[PDB]
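What follows is each chain in one-letter form.
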Amino acid sequence: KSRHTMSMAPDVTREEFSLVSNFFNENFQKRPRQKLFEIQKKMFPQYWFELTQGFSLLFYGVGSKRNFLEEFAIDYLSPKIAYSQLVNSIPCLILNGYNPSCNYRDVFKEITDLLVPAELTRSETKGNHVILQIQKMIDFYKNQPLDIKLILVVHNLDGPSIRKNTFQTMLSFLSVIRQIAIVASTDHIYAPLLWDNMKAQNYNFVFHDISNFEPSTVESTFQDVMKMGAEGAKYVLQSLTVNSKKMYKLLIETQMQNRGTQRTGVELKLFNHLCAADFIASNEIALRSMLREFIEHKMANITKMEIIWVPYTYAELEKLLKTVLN
Amino acid sequence: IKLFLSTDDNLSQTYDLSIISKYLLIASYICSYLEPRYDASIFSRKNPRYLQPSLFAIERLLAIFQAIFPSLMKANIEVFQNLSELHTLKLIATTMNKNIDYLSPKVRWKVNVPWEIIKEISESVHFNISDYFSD
Amino acid sequence: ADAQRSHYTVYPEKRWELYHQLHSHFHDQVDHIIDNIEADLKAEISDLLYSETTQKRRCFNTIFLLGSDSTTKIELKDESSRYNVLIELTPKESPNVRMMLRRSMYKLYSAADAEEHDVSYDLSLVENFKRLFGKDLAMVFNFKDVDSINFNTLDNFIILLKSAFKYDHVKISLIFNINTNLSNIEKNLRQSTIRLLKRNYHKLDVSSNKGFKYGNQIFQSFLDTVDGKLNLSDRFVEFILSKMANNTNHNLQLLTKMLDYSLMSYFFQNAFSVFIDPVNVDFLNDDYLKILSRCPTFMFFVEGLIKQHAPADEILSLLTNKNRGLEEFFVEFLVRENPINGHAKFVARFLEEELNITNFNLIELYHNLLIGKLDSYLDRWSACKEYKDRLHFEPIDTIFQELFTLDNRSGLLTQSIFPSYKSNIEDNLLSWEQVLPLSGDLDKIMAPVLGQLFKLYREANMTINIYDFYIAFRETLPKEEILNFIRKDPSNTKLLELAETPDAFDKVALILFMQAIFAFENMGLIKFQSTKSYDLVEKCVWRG
Amino acid sequence: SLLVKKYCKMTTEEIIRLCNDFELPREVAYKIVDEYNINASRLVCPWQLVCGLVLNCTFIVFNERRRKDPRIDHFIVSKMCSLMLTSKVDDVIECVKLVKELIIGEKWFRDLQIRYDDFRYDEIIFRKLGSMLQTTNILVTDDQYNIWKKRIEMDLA
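Scoring rules and cut-offs
Residues numbered from 1 in each chain as written, not as in the entry; some residues may be left out. Chains lettered and ligands numbered in written order. Part of a larger assembly, values for the part shown. Heavy atoms only, no water. Residues with missing side-chain atoms left out of burial classes, pairs and counts. Helix = DSSP H or I, 4+ residues; strand = E, 2+ residues; numbered from the N terminus. Rg over C-alpha atoms; globule rule 2.2 N^0.38 Å. Contact = heavy atoms within 4.5 Å. Buried area = accessible area lost by both parts, 1.4 Å probe. Salt bridge = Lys/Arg side-chain N within 4 Å of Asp/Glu carboxyl O. Polar contact = N/O pair within 3.5 Å; in protein donor to acceptor, adjacent residues only side chain to side chain. Nonpolar A, V, L, I, M, F, W, Y, C, P; charged D, E, K, R; others polar. Patch = residues over 30% accessible without salt bridge, like charges linked within 9 Å, V, L, I, M, F, W, Y side chains within 5 Å. Areas by Shrake-Rupley, 256 points an atom, 1.4 Å probe, with all protein chains shown as cover. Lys, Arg positive; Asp, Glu negative; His and termini not counted. Charge placed at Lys NZ, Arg CZ, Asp CG, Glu CD. Buried < 20%, exposed > 50% of the residue type's maximum accessible area, 1.4 Å probe, protein only. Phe/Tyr/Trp six-rings, centres within 6.5 Å; stacked < 30°, edge-to-face > 60°. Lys NZ or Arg CZ within 6 Å of the ring centre and 35° of its normal. Axes fitted to C-alpha atoms, helices over the stretch in contact; angles between N-to-C directions. Parallel < 35°, antiparallel > 145°, perpendicular 65-115°, else oblique. Core = buried A, V, L, I, M, F, W, Y, C linked by side-chain atoms within 4.5 Å. Pairing = 2+ DSSP bridges.

Student: Mind showing me how you'd approach the overall build of chain C here?
Tutor: Within chain C, the secondary structure is distributed over 25 helices and 8 strands. Its C-alpha atoms give chain C a radius of gyration of 35 Å, more than 25% over the compact-globule value 24 Å for 544 residues. Principal axes of the C-alpha set define a box for chain C whose edges measure 90 × 85 × 50 Å.

Below, the structure is given as structure tokens:
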């Protein structure tokens, strides 16, 4: 099974990747991107009018929408609605769904403090009373004068914590209230698996496409691939004793004398004698103790001759030869 | 005599769900016997009736759903609506815990309806199912 | 800057008023109908919860509320010298036999002290409730979502409640809010407990859609709110037939949504909306007079005018040669009441009580009226055969109604309410030209980053190799443009040392490839199968 | 029924005969040879693919007349239904819907739309965007109405 693999790739370090990535995402398709941004700007009065009807507005589409939501919520809408009702403008409570550390307790503790504490609602705070406390919020809000006092934003609604099911139903009861406007965005292709006709009854979602093919700068940070071990032990050797460099150099030679697999490895006895030959290893214990340091940071393997072999590729070890060992 | 030969302890529903959700159920029962080695041949666009049901994944439904529906349909928003409607009915449930099943991690699905309620609901939408079950 | 911190708050019309007098007036008819079923559901539980005096008097009364939406709230009678408390158990609060008992005893206990003006949270309070609180006890159990619970926990729960039947100062009542499928429920429990259940059961149906007593009602109250000032076209209403048929549980909240959004479309683009009150004739303008001309029933009647009157000197004069008679030609047909509304209200009350028929849908009754299929509508009962001549109406081809109408002739609310979700995404990624219009010269000769692999992503196998896909990805990139792009900037220095490297093109491809396939995981298009290997992945997204 | 008589080669002289009658410019007339040479390798049936591509470009290069005259849209297909001697118009439209998605993953059509500037563009960026101010085709548009008007009122007087 001769497969080309990501290990057999010309790799790129940390500062080299992120800088040339920053060059593309700020200079690749710049002119048509704001050219799209001016086209969709005329839809902004249409969103203002429908949002008076308490409609949970939901934005789908390819690409990141994070920049677009923050322009649309903060600068455009939130002072426009305060001027049209008649003083600080309408409070914006974003929810970063790409941040996995969102819970149901903490954000709702913000909500009841963002909303009015007209009564002693801490008396009803008791043991899951969250649905209980919001139910007492809802029926009171059915008989209030209709005006928006809060707009909340939920970025990346299919996020790693917001897509949890006890959190989803929590947002469902918020959306039936007329005083708050719910402007959220998702990115998943299976996002309408999240809602049944029970929740969408509470939601009354409407949909709009926004596809600007954004790079998702902030949304790439928490995510990881093998760019983010061959690269792990690449830094430990840069800070050690000078003898460990030499005893790894003698290790890496005869382990690449023969991918870097088990079969190219060496027996412990002769390697003790080999590192006794260059006046390096005194005995087995002095060898093994500064070999456990290569073991503790998982920089070498052993299987069974008593074969110690390096788990990095054929291409990687000669890169480890000519750069850091030399 | 009439009471002495009947139990009278049971206080067969034609099910409430809609038409596209009805075909959504009729495709989910297909992977109680239809393995991936055979299904794509016998359902071209060109017995475990007793046994416990196998495990789904996502989009194998819409693989079979698009085939067996009367190009006549393409919008799948209401099709995605009736899935978690069927999840609340506990007729198709998750293999794992009931939490993260949305975002496509490793999540396997399965029916929990016996054969007879499938058989009535096949004829309730005039669809024939006993042909495609072949020992 | 702060976006990695989660949930940081910050503290930064002649036409529309005629909408405002119409919208809320309609919504007063909505919510008043909503409290009617709210008073209906609260009534029929309340009488049936009481007055049921069984002879054995050692059994709880159970109630199965079939078809119920798991949200049905209940009020209780005061019924003095006895406290009556409500306990609700969510399936989220159903982990075991143990905490189902322990939270539920806690929930009534605080409800007991609040009416009363240290103890243990189990059945110890239940017997001593006569001494702990004076008056007796009649609790009720709002099992919200009953089919998600492991039933052996529920079966072991009800045997625990069976032990409370020997104290005679407490009365138990169970409310089973099923979603559906009563036959499923008698399959799951232990049969020894069904015989415990079957003492005094009551299968009350609670459904929002029950013989369309409210569905046909709310569409009827829609029609009088827009009576005579608009129309409802045929292609519009069949959308309301088809799509509302796809949602069994809650039609009534959905019919409010798609109708009010449809009314929002009319006020936002149509200029003749101001003329639905004839007081606004002074707002007439040549720009309004110009846009009246392209109405289809306007120009077709002119084609009807010439063939009927082969003398066309009158017809040419009433064209834009005059303007005073031209608008007078319009306001001749302005006040058209269109009695299809009133003829519907004529026949709606009739078969409701004259023939007394209830299994009927008023919307398709309105739709069959729009084509003339009212004769082939009443046939399904064969009861209007003595009345098909007096309930008869031929739908006349009315004139100037295309300016006062609602229809999805543009596919708007088809799109913006029921979006072809993975269709519109996949259409956005194959084409990309109808979404996007120094360095832009590169864009006219090179695709955007996400979409350029997508054509090969279609052309790849079921499970694919990572590197050969990149090898195919390097084919689509020509070499001369990138070195023209990487050497475009003389101002930056840190990029320019990479720009002069002779292997820069093969390095900048894997950087750019690992920004796109990095970005095809949050969309769930491609799944990394068997992580800590990631040599092959799986593609789930197919075109259909 | 020449379209169903499959497995025949349309040579370089033969294909330019098939496009000079439908008035194709030199830009696409070499491109049809270029993409048949792409698809002469991986074909299944040569008659179906060669006609499915020539209709949608004439749908996009003549749309300055096609959107301005609806009658010529039957004219261009029926003159091929006589040229290819087809059964009816049922099977020919089944071809043009087929290969359109089969050419949507290529390069040149995404150029040929944006090179010809043909489309209309601002409709699609307002239709796909879900604009409330999009055109509702319960109307006839002002241009086609004026096309209807000036044709009829000069026929009138």
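Student: Can you help me understand the interface of chain A and chain C in this one?
Tutor: Where interface size is quoted, it is often the accessible area lost as the parts come together. Chain A puts 87 residues into the contact, and the matching count from chain C is 80 residues. For the pair chain A and chain C, the two sides together bury roughly 7,900 Å², of which 65% comes from carbon and sulfur. The largest share of the area that chain A buries against chain C comes from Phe28(A), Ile189(A) and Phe213(A), three residues that together contribute 10% of it. For the pair chain A and chain C, the interface holds 1 salt bridge. Applying the counting rule to chain A against chain C returns 22 residue pairs in polar contact. Those elements that provide at least two residues to the side of chain A that touches chain C are helix 1 (14-24), helix 2 (30-39), helix 3 (44-50), helix 4 (66-85), strand 2 (92-96), helix 5 (104-114), helix 9 (197-203) and strand 5 (206-209) of chain A.

Student: How should I be thinking about the interface of chain B and chain C in this particular structure?
Tutor: Of the residues lining the interface, 28 residues belong to chain B; the matching set on chain C comes to 33 residues. Of the roughly 2,800 Å² buried where chain B meets chain C, counting both sides, 54% is carbon and sulfur surface. When the area that chain B buries against chain C is broken down by residue, the three leading residues are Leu11(B), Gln13(B) and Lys74(B), summing to 24%. At the junction of chain B and chain C, the tally comes to 5 residue pairs in polar contact. Listed by contribution, the elements that provide at least two residues to the side of chain B that touches chain C are helix 1 (19-28) and helix 4 (77-88) of chain B. With 5 residues, helix 4 of chain B is the largest single contributor of residues to the side of chain B that touches chain C. Tallied by class, the residues present in the side of chain B that touches chain C amount to 11 nonpolar, 9 polar and 8 charged.

Student: Which parts of the structure should I look at to understand a positive patch on the surface?
Tutor: A surface patch of positive charge is lined by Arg31(A), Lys35(A), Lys42(A) and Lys444(C). Among the structural elements, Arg31(A) can be located in helix 2.

Student: Quick question: what am I supposed to make of the pattern of salt bridges here?
Tutor: Oppositely charged side chains are able to pair whenever their charged atoms sit close together. One pass over the full model with this rule turns up 26 salt bridges over all chains. Between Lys249(A) and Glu253(A) there is a salt bridge, with the nearest N and O atoms lying 2.4 Å from each other. Of this pair, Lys249(A) and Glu253(A) both sit in helix 10 (residues 242-254), 4 residues apart, roughly one helical turn. Take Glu253(A): its relative accessible area is 39%, and that puts it in the partly exposed class. The salt bridge involving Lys31(D) is made with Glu35(D); its shortest N-O contact spans 3.2 Å. Within this pair, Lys31(D) and its partner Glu35(D) are both found in helix 2 (residues 26-39), separated by 4 residues, close to a single helical turn. No difference in accessibility class separates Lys31(D) from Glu35(D), as the two residues are buried.

Student: Help me understand the arrangement of the chains in this model?
Tutor: Contacts are most numerous, across the 5 pairs of chains in contact, for chains A and C. Of all C-alpha pairs spanning chain B and chain D, none lies closer than 11 Å, and the two are not in contact.

Student: How should the packing of aromatic side chains be read in this particular structure?
Tutor: For any pair of aromatic rings, geometry is given as the distance between the ring centres together with the angle between the planes. Applying the stated criterion across every chain, the model contains 69 aromatic pairs over all chains. Taking 6.1 Å as the distance between ring centres and 40° as the angle between the ring planes, the aromatic pair formed by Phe141(C) and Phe157(C) counts as tilted. With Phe141(C) in strand 4 (residues 136-143) and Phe157(C) in helix 5 (residues 151-162), this pair connects stretches of sequence that are 16 residues apart. Here the two residues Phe141(C) and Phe157(C) agree in accessibility, since each one is buried. Pairwise contacts between aromatic rings join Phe37(A), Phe44(A), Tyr47(A), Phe59(A), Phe68(A), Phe72(A) and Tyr76(A) into one cluster. Above the plane of the ring of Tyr106(C) lies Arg103(C), whose end atom (NZ or CZ) is 5.1 Å from the centre. Above the face of the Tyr457(C) ring, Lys539(C) is positioned so that its terminal group lies 3.7 Å from the ring centre.

Student: I would appreciate a short explanation of the packing of helix 10 of chain A against helix 12 (residues 284-296) of chain A in the present structure.
Tutor: Axis angle and axis distance: for two packed helices, these are the angle between their axes and the distance between the axes, and together they describe the pair. Residues and elements named next belong to chain A. Two elements in contact, helix 10 and helix 12, have axes whose closest approach is 11 Å; the angle formed by their N-to-C orientations is 90°. The orientation of helix 10 relative to helix 12 falls into the category roughly perpendicular. Here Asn 243, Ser 244, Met 247 and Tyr 248 of helix 10 come into contact with helix 12, specifically with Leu 287, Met 290, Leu 291 and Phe 294. Across the contact of helix 10 with helix 12, the residue classes tally to 6 nonpolar, 2 polar and no charged.

Student: Would you explain the nonpolar core in this entry?
Tutor: In summary, soluble globular proteins display a tendency toward joint burial of nonpolar side chains. Ranked by size, the top nonpolar core spans 136 residues in total, and within it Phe59(A), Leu152(A), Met170(A), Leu232(C), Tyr261(C), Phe298(C) and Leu403(C) carry the most contacts. For this core, the element with the highest residue contribution is helix 10 (residues 252-269) of chain C, accounting for 10 residues. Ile189(A), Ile118(B), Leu477(C) and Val92(D) belong to the second largest nonpolar core, which has 132 residues in total.

Student: How do you make sense of unusual backbone geometry when you look at a structure like this?
Tutor: Apart from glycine, the bulk of residues carry a negative phi angle, and the bulk of peptide bonds sit in the trans form. A positive phi is found at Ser382(C), a non-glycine position, where the angle reads about 50°. Phi at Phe119(D) is positive, roughly 55°, even though this residue is not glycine. Mapped onto the secondary structure, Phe119(D) falls in the loop between helix 7 (108-116) and helix 8 (121-127).

Student: It is not clear to me how the pairing of strand 4 (residues 180-185) of chain A should be interpreted in this structure. Could you clarify?
Tutor: On a regular strand, each side chain points to the face opposite its neighbour's, so the side chains alternate between the two faces of the sheet. Residue and element names in this part refer to chain A. Of all 6 residues in strand 4, 6 are buried, a share of seventy percent or more. The two faces of strand 4 match: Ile 180, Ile 182 and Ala 184 on one face and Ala 181, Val 183 and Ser 185 on the other face are all buried. Pairing of strand 1 (residues 57-60) with strand 4, which is carried by 3 bridges, proceeds in the parallel orientation. Bridged to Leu 57 within strand 4 is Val 183.

Student: What's the story with the environment of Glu332(C) in this structure? I'm lost.
Tutor: Within the secondary structure, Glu332(C) is located in the loop between helix 14 (324-331) and helix 15 (340-353). C-alpha separation for the pair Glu332(C) and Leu137(C), spaced 195 residues apart in sequence, amounts to 73 Å.

Student: So what exactly am I meant to see when it comes to the side chain of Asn177(C) here?
Tutor: Residues and elements named next belong to chain C. Take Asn 177: it is sitting in the loop between strand 5 (170-176) and helix 6 (182-188). The exposure class of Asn 177 is buried, given its relative accessible area of 1%. Among the polar contacts listed, one links the side chain of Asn 177 to the side chain of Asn 142, at a separation of 2.6 Å.

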